[PDB]
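One chain follows as structure tokens, the form deposited in one PDB entry.
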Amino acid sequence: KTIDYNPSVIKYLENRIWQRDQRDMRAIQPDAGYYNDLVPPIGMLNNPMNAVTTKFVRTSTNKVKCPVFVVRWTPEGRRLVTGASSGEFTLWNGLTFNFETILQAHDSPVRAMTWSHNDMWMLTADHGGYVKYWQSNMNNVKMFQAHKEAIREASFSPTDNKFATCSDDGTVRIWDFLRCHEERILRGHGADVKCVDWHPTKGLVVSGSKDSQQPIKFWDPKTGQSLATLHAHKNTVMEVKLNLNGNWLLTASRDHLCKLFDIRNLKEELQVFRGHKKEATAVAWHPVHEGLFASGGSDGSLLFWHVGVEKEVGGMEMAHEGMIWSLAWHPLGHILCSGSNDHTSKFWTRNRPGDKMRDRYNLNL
């Protein structure tokens, strides 16, 4: 089975010539015969609902059958890498999602994995507190211990020269990528820090911890001084994700709530995303659509939201049979992957026009 994005790109390129934008785009009928009229999400910018990937594609699982903590796409979408509890990276093809290669990367569960803004480096942390450097060809070039306890998430700077790490020691540490030398140590979280995010352009660090008194803190990486404390959630903020527009902070937490904040004005909340029956654990902004994002849950629910809409624009309550750890969007934005605690990773694509959505993830047959 295959999800080949090339026909969509070719159709978009042809339509790109004579259509000014989607207002000139000819409508696709909800019929199975209009297969070659589909375009990637970049084509339908006025309708983000196309990228609500509630169509199941493939369940990708390892032979070890162990929980999957982080899934990431190769920056050009050629491959997908999963970080598992066995400290291994499994690579899956971006078109025919088959197993390609496996390697014992870390000695402890892979909790963090991120690619540099330039498509040259993949930084991965693990449960033992080490940080590893990776080449596009999955070659390890450097290894050092950043924290004495588990590192949860790492984020890169726009120029990829500096990166931040969050650990269970309650400290966020800024590092120099070339030197592997820590420059600042950020303190103020009383409990384990579970998520860290670097501002897309500006020099800002947003962090989320288990400390109820200091749930979210904003940092100044160059000076090392905390800028603000955000009393967003009352229970274990799990995710902090700044949108690439540099204005929105997206926070998932154990309090069954996902929240959106304007980092310029943190007095109030822009939006609260209710609809998770259980704890909200994962989240991922859409690469193409600004306001669209997908969130995961501890019961296995995988929901879709858009900024400005009260209720979910879609979702699958039984997407996984376990807590969803990581959500990764394909660079083109037409395939969504989900790493869950149920020892499996699943690929979700856009629903083909003319489908009677009576499958187990949408309805009952």
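Throughout, we count residues from 1 along the sequence that is shown. Here, rigid core means the biggest group of C-alpha atoms that superpose within 1.5 Å across both forms.
- Relative to the displayed structure, the C-alphas of 311-319 lie farther away on average in 4 other deposited structures of this protein than those of the other candidate, with 324-332 and 311-319 compared after rigid core superposition.
The protein also exists as the form solved in complex with a partner chain; that form is not presented, and the subsequent description refers to it.
- The candidate site formed by 158, 222 and 228 is fully in contact with its partner chain in the entry with it bound, as each residue has a non-hydrogen atom within 4.5 angstroms of it.
- Using a 4.5 angstroms threshold between heavy atoms, residue 130 stays clear of its partner chain in the entry with it bound.
- The shortest heavy atom separation between residue 191 and its partner chain in the entry with it bound exceeds 4.5 Å.
- Interface residue remark: residue 146 is not counted as part of the site for its partner chain in the entry with it bound, having no heavy atom within 4.5 Å.
- In the entry with it bound, its partner chain lies within 4.5 Å of some heavy atom of residue 162.
- Heavy atoms within 4.5 Å of its partner chain in the entry with it bound are found in exactly one of 146-154, 272-280, 214-222, 122-130, that being 214-222.
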